[PDB]
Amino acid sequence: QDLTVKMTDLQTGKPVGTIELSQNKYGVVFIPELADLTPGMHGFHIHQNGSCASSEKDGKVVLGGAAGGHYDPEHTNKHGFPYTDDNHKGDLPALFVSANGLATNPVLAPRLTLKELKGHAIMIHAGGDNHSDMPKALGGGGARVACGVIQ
């Protein structure tokens, strides 16, 4: 009953690994098994649409823009922590990438359930995430680098 999600690099078009999702007494667990990522902490979020295609914006291209914004079932219109209820239910803890470019440190999302995740897409950004909309919106994750649809 556990889920496996294939992740692809939006830039190169090549796969960077897989993320396994599981449900437990305390929430959903995201177990990463990725590679070819830049070291550091990465913005890690569940997005609205179940797609990783591109989108257009004022004449420019947005890799993984079809996924839309962050998963916000309660229409909170705010970005925040994984343990605060007044923000995107899709706000996951940041994803850590080792010096060798690997990601295998599991993360927990207390406000989520497996059933509701299907049809949505997991997203990995280039910048980090300070879990706020200040001083940079959406935690400063910036561009989208890796993406995967949860089927």
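For every residue, the number given is its place in the sequence shown, counted from 1.
Novice: Given the B-factors recorded for C-alpha atoms, which segment has the greater mean, 52-60 or 32-40?
Specialist: So the stretch with the higher mean C-alpha B-factor is 52-60.
Novice: For the higher mean C-alpha B factor in the entry, choose 113-121 or 79-87.
Specialist: So the stretch with the higher mean C-alpha B-factor is 113-121.
Novice: Lowest, middle or highest third of the chain for the C-alpha temperature factor of residue 46?
Specialist: Its C-alpha B-factor belongs to the lowest third of this chain's values.
Novice: Considering only modelled residues of the same chain, in which third does the CA B-factor of residue 17 rank: lowest, middle or highest?
Specialist: Its C-alpha B-factor belongs to the lowest third of this chain's values.
Novice: Relative to the other modelled residues of the same chain, rank the CA B-factor of residue 128 and answer lowest, middle or highest third.
Specialist: Answer is lowest: the recorded C-alpha B-factor places it there.
Novice: Quick check on the deposited entry: does the C-alpha B-factor of residue 147 sit in the lowest, middle or highest third of its chain?
Specialist: It falls in the middle third of the chain.
Novice: Mind checking which third residue 3 falls in for C-alpha B-factor across the chain?
Specialist: For residue 3, whose C-alpha B-factor we compare with every modelled residue in the chain, the answer is the highest third.
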